[PDB]
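So the structure is just underneath, and the comments pick up after that.
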Amino acid sequence: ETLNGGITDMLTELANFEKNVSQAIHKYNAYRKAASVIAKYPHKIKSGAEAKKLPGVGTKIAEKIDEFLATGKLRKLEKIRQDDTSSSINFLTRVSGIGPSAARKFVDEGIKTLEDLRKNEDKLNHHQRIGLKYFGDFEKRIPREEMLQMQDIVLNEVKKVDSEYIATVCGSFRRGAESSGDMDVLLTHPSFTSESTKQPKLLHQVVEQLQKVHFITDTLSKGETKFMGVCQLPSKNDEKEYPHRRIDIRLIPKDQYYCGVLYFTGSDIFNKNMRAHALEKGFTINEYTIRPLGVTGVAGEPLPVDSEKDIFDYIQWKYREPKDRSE
DNA sequence: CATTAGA
DNA sequence: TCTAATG
Ligand SMILES: [Cr+3]
Ligand SMILES: [Cr+3]
C-alpha cells in the first residue's frame with residue numbers, strides 16, 4: 001500500500017504504455033499481474049532478485065526493479081514520458097470516443113492535438129464529435145449541488161410520462177459524494193422484467209421526454225436498454241450557463257433492480273465485501289440477482305427481491321445506508 | 001462484461 | 001461480422 005508503492009506505480013506506468021502506445025497486450029498483461037503481486041508482498045522489496053522470487057516476476061521486470069531501486073528513476077520510463085508520439089496517444093484518448101486504436105490511427109495521420117482534431121472534424125464519428133465538442137465540460141466534475149438539481153428534474157418527467165416508473169440515481173452521488181463525474185440513472189418498470197419480452201419504448205419514452213424539455217441535448221448512443229447521452233441544466237436568468245454533462249439511462253427488468261441498484265451504488269469494495277459475505281452466508285450476489293448456494297459446489301435459483309433490504313436480510317447483515325456503503 | 005456504432 | 005469504445 002506504500003511500502004511497495006514506487007514499484008507498483010512504475011510498473012503500471014510500465015503496463016499502460018505497452019497497452020496504449022504499443023499493442024503489447026501480453027507485456028502489458030505481464031506488468032499488471034506483477035504490479036499486482038508485488039502489491040500484496042508484506043515486506044520492502046530490496047532488490048530485483050528479492051522480487052524475482054515472485055510469481056510473474058521475471059528477469060525482465062526484475063531488471064526493472066533494481067534500476068528503479070538503485071536510481072530514483074527508470075530511463076525507459078523517462079524516455080516514454082518524454083516521447084511525443086506516445087504522449088500524443090495518451091492525450092487523444094481523453095476524447096470520449098477516442099480509444100487507443102483510434103488514437104494511434106489519428107497519430108499516424110498527423111492528428112496529435114485538439115486543434116488537429118478540429119481541423120479534421122470529418123475524420124471523426126458523431127460520438128467523437130461530441131466528445132470533441134464537450135472536452136472541457138466532459139473532464140469537469142459534477143457538484144452534488146448540481147447532482148441534486150439534475151436528479152430533481154429527471155425524476156419529474158420520469159413521473160410525468162408514467163407514474164409506474166422507478167428511477168434511481170446510483171453511483172457515488174447515491175453514496176453522498178461531494179462530487180461526481182456523470183450521472184447514472186437506473187431504470188425499471190413493472191411492465192418489464194426478465195421474461196416480458198421488452199418494451200423498448202419503455203426506454204424510449206423517457207429519453208424523448210427529457211429532450212422535449214431540453215434536458216438531454218445530444219445522443220452518444222441510444223439502444224433499447226441503454227441510452228448514453230449528454231445533459232445540461234437550464235442556464236438560469238443569464239450570466240451563468242451550465243456545462244455539458246454526460247448522462248446514462250438504463251432499462252431494467254423490475255425483477256432485477258435492487259441487485260443492480262445495490263450493485264451500481266458500490267463502492268467497489270462495499271460490493272466485493274458484501275458479496276464475499278454472501279458466499280459464507282450460503283449465497284451468491286451478482287449485478288442481477290442472488291442465488292442460494294448448493295453444496296455440490298455451485299447452485300442457482302434467484303431469490304425474490306423487492307428492496308435493498310431483501311438482499312441484506314438474505315445474507316443476514318446490517319442494513320447499510322448508502323451513505324456508509326463506502327466499504 | 002455487456003452494450004452500441006460502424007464499416 | 002467483427003472490432004472498438006464505454007461503463
Ligand atoms: Cr477515450
Ligand atoms: Cr458511468
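Note on naming: chains are A, B, ... as they come in the C-alpha cells, residues start from 1 per chain, ligands start from 1 in the order shown.
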
Q. Using the chain letters and numbers from this document, which residues of segment 149-199 of chain A does DSSP assign to strand (DSSP E), as JSON, numbers by chain?
A. {"A": [166, 167, 168, 169, 170, 179, 180, 183, 184, 185, 186, 187, 188]}

Q: Could you list, as a ChimeraX atom specification, the residues of chain A having an atom within 10 Å of chain B when counting only C-alpha atoms (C1' of nucleotides)?
A: /A:125-127,220-228

Expected file contents, prior selection, C-alpha atoms, as a PDB file, in the first residue's frame:
ATOM      1  CA  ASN A 125     -17.517   9.929 -35.806  1.00  0.00           C
ATOM      2  CA  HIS A 126     -20.594  11.518 -34.089  1.00  0.00           C
ATOM      3  CA  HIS A 127     -19.539  10.212 -30.662  1.00  0.00           C
ATOM      4  CA  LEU A 220     -23.937   9.300 -27.892  1.00  0.00           C
ATOM      5  CA  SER A 221     -25.743   6.182 -28.196  1.00  0.00           C
ATOM      6  CA  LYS A 222     -29.237   5.121 -27.971  1.00  0.00           C
ATOM      7  CA  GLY A 223     -30.185   1.455 -27.764  1.00  0.00           C
ATOM      8  CA  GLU A 224     -33.242  -0.364 -26.483  1.00  0.00           C
ATOM      9  CA  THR A 225     -31.974  -0.785 -22.948  1.00  0.00           C
ATOM     10  CA  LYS A 226     -29.129   1.567 -22.737  1.00  0.00           C
ATOM     11  CA  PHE A 227     -29.143   5.160 -23.677  1.00  0.00           C
ATOM     12  CA  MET A 228     -25.804   7.143 -23.179  1.00  0.00           C
TER      13      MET A 228
END

Q. When the cut-off is 9 Å and we count only C-alpha atoms (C1' of nucleotides), which residues of chain C are near chain A, given as a PyMOL selection string?
A. chain C and resi 4-6

(Q) Using DSSP assignments from the backbone, pull out every residue in segment 20-179 of chain A that falls under helix (DSSP H, G or I) and give it to me as a ChimeraX atom specification. (A) /A:25-40,48-52,59-70,75-82,84-92,100-108,114-119,126-133,135-139,144-161

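Among A:252, A:276, A:213, A:7, the residue with the shortest atom-to-atom distance to residue 195 of chain A, counting only C-alpha atoms, is A:252.
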
Q: Please extract the residues at most 12 Å from ligand 2, counting only C-alpha atoms (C1' of nucleotides) and all ligand atoms, and provide them as a ChimeraX atom specification, using the chain letters and residue numbers of this document.
A: /A:169-173,180-186,226-230,245-250,264-265 /C:6-7

Q. Expressed in Å to a single decimal, how great is the separation between atom CA of residue 310 of chain A and atom CA of residue 163 of chain A?
A. 23.9 Å

(Q) Between atom CA of residue 283 of chain A and atom CA of residue 174 of chain A, what distance in Å does the model show, to one decimal? (A)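 These atoms are spaced 25.4 Å apart.
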
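When atom CA of residue 235 of chain A is paired with atom CA of residue 129 of chain A, their separation reads 23.1 Å.
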
Q) Using only C-alpha atoms and all ligand atoms, which of A:26, A:60, A:94, A:81 sits nearest ligand 1? A)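 That would be A:94, the residue with the smallest distance to ligand 1.
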